[PDB]
Every structure is written in C-alpha cells, then in structure tokens.
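First structure 1, then structure 2: two forms of the same chain, each alone, as structure tokens.
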Structure 1
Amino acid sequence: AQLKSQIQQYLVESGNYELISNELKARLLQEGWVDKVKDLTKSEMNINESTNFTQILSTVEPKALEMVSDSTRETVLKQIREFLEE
C-alpha cells in the first residue's frame, strides 16, 4: 500500500507527533497567529450575530489555515523529514 500511515504510526508511537504539534502550537502562539484568529473570529461575529456557531466556524477555518506563515510550515516539514530518515 501507500503506507504513509506506518510512518504516522511510528511518529505517534515515539512521542514525536505530539512534541512536533506542541512546538507548532508554540510558534503559532509566539508569532501572534492565535491573536490573528481570535480577531478574525470577532469580525465574522460583528458582521452578523444571527449566523450561528457552525457557520462562523466554517468561514474561519480555511482562512486561519492560510494565515500560517510558510517558515512555520517549513519547520514542521524539517522535523518530519528528520524522523523519517531514521
């Protein structure tokens, strides 16, 4: 099979999936990306406060997923590369 999942499997079992995630959450917080979302969520709500939780969430997710700088995507790739070569 493709069996990328095997690599996910080890990534997770070795504790590295979590450590990388935490480090990702760490940098997202440092670089103000969380504030940029705590804001984006307030604009959408200020626009129409009749549109419910679900609709707001949908509007925000794709946008936030794009606010992620490309130097941050990089570090995640680097760290996942390095584990693979082992």
Structure 2
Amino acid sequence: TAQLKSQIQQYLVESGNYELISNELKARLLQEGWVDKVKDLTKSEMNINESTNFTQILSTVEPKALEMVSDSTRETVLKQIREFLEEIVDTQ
C-alpha cells in the first residue's frame, strides 16, 4: 500500500543509517548558519504578528525555513538518502 515510507524508515533506523543521515543534515545546517537564521526568523515573526502562539508562528516560519535550506545541503543529503534506498528497494 503506502506504508512503504514507514517500513523504509524502520529499516533506516534499525540499520544505523537514519542516525547518520540525521546527524549529517544537522551538522550541515548548523555550519551553514541555517539553525540561527531560523531562530532569527522566528523571533522576527513573533514581533510581526505580536504573538507567541506556536501554531500561528509555525505556519509563517516553516514554509520560509524549508526554502532557506541551501541547494548544496538539500541535494547532498537527498543523494545520500537515495543511495541508502537504492540498496533496499526494487524498481520497475
């Protein structure tokens, strides 16, 4: 069906590979300054909307923070995820 995703994640976790991907992504985002950019954006958005309500603030921040990920980080980590999936999935 479409529990493919959840079964692939289970494999990635159990094999040790999810940890690798997760840490690699975090190390890259941190070093390129994206973590601190998202924190700035968040503060700025709280000021703008005069609110600390999480649901409201997230709806303005998340779309922008997704787009702020550098091309290099995004396409490197996607390639690294594909390569792990190439080992375990059949295609047609």
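All residue numbers here refer to structure 1's sequence, counted from 1. By rigid core we mean the largest C-alpha set that fits within 1.5 Å across both forms.
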Threshold 2 Å Cα movement between structure 1 and structure 2 for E13, core superposed: yes
Per-residue Cα shift, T51, between structure 1 and structure 2 [Å; core superposed]: 6.2
Just grab the Cα shift of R81 between structure 1 and structure 2 for me, core aligned, in angstrom. 3.2
